[PDB]
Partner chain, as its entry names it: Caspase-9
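Form deposited without the partner chain, single chain, as structure tokens, below.
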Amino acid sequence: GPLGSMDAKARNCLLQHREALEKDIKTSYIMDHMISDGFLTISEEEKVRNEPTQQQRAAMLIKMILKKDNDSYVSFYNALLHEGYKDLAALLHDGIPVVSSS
């Protein structure tokens, strides 16, 4: 039984804000912070990096989040804060049940 999965309200606040999703959700340093965080494995890194441009690259980063978990989502969330994308992440903070905690 999967526990601590990605919350619907959380995952939605992220993807639903497609108003700025594809527009501000980057994959460069954001993924760097996620892999260094240890949430994105070499396989994860490979897929996103396999894609040629922000097209399927950023889409792949967001596409991973489509079926990851709360833990990874808060990591992807934290990565947004790592690259000055606090606004998008704030839009997702509604679903994130933590306030840094670091």
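Positions refer to the first chain, counted from 1.
Just so you know, the form solved in complex with the partner chain exists too; it's not on screen, but the next bit is about it.
K.L.:
In the deposited complex, do 66, 68 and 75 all put a heavy atom within 4.5 Å of the partner chain?
P.N.:
Checked in the deposited complex: no contact with the partner chain for any of the three.
K.L.:
How about residue 35 - does it come within 4.5 Å of the partner chain in the deposited complex, if we only consider non-hydrogen atoms?
P.N.:
Judged by the heavy-atom cut-off of 4.5 Å, residue 35 is in contact with the partner chain in the deposited complex.
K.L.:
What are the residues of 28-51, in order along the chain, with a heavy atom within 4.5 Å of the partner chain in the deposited complex?
P.N.:
Contacts from 28-51: 28, 29, 32, 33, 35, 36, 42, 45, 49.
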